[PDB]
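Q: Sequence below, structure please.
(one chain, ligands or ions: 3)
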Amino acid sequence: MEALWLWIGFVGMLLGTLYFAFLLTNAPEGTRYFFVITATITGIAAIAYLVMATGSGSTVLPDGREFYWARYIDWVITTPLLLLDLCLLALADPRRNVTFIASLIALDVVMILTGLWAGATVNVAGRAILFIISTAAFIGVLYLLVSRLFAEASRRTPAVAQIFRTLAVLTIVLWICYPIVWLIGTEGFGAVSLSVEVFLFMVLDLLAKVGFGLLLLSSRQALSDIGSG
Ligand SMILES: CCCCCCCC/C=C/CCCCCCCCOC(=O)[C@H](O)CO
Ligand SMILES: CCCCCCCC/C=C\CCCCCCCCOC(=O)[C@H](O)CO
Ligand SMILES: *C/C=C(C)/C=C/C=C(C)/C=C/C1=C(C)CCCC1(C)C
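A: Numbers count the residues shown, from 1 in each chain. Ligands and ions are numbered 1, 2, ... in the order given. Take a look at the structure below.
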């Protein structure tokens, strides 16, 4: 039954990508890169979901678990881009914040890639230590987001600060759910079926990408505030 959720994920990301590509044509000036980044987030996710939906995004591991690894290839590209969207909202001049941005992105890539490594690992003890390492990097991401970007965004215009805060809270809430789903799904304890796991990630993905992107790209006042500068 997981095929159903993968096809819904595909169509949802596809429709989001097409809509975001459309909104670009009326983007406030100097803001078109937001629309491009956000349509790439959903577009990459659409490709991953199509791959998994057509049966090419998973392998049966030596322990017999079916492992949807294409999921993580999506994530390793799109979660940095989501953070990038948040950085470009919050930071008035990102060219002077290379060290922070590279640090945030590197932590995020370590999180995803160590989670993929944990998921692919059959040895139960190696899987646990790798999940902890991944969660450690995740805490790094949340910390940089909360300690640095919330402060930066408070110096932006009221509309920019408002959409940043909305997207950042949305991000923190949704991203915390992903390790929980991992832990109850087949990669972790197997408390729920693979079909349930795939459904949960599909709902999270659509909210964290299409919901995120709808809120971002509809905030035309905030965008124009940034574009005008
Ligand atoms: C300036 C940057 C500094 C960064 C410092 C990082 C320090 C943290 C690293 C710790 C090493 C952890 C090794 C054990 C986990 C890997 C098991 C792997 O297990 C497996 O792959 C399977 O169990 C094999 O069957
Ligand atoms: C919005 C970002 C992009 C998201 C993806 C949307 C575009 C999807 C494009 C094509 C779908 C059909 C693919 C056919 C491939 C044929 C290769 C060879 O095929 C075959 O071998 C035959 O199936 C025979 O079995
Ligand atoms: C569009 C996709 C998104 C926003 C995916 C987010 C994924 C995560 C925040 C993943 C977190 C993980 C851990 C913190 C521990 C190991 C397992 C992961 C990779 C699910």
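Q: going forward, measure contacts and count neighbours with C-alpha atoms only.
A: OK.
Q: The residue positioned nearest the centre of the chain and ligand 3, how far apart?
A: By Cα atoms, centre = their mean, the chain has its centre lying nearest to residue 79, at 3.7 Å. Distance, residue 79 to ligand 3, using Cα to the nearest ligand atom, to the nearest Å: 5 Å.
Q: which bits of the chain sit near ligand 1?
A: Neighbours of ligand 1 within the chain, by Cα under 6 Å from any ligand atom: 121, 123, 126, 129, 130.
Q: try 5 Å
A: Residues of the chain lying near ligand 1 by Cα under 5 Å from any ligand atom: residue 126.
Q: Name the nearest residue to the residue in the chain that ligand 1 sits nearest to, sequence neighbours excluded.
A: Proximity of the chain to ligand 1 (Cα to the nearest ligand atom) peaks at residue 126, 3.3 Å away. Spatial nearest neighbour of residue 126, chain neighbours left out: residue 118 (7.1 Å); criterion: Cα to Cα, 6 or more residues apart in numbering.
Q: which ones are touching that neighbour?
A: Applying Cα atoms under 8 Å, 6 or more residues apart in numbering, we find residue 118 in contact with 126, 127, 128, 130, 131.
Q: For the third one, which non-adjacent residue is spatially closest?
A: In space, not counting the residues next to it along the chain, residue 128 is nearest to residue 118; the distance is 7.3 Å by Cα to Cα, 6+ apart.
Q: returning to what we had before: what's the spacing between the helix or strand where the residue nearest to residue 126 lies and its chain's center?
A: Taking DSSP states H and E as the criterion, residue 118 maps to helix 98-120. Relative to the chain's own centre, helix 98-120 is displaced by 12 Å; criterion: Cα atoms, centre = their mean, to the nearest Å.
Q: Longest helix in this protein, please.
A: helix 158-184 (DSSP state H).
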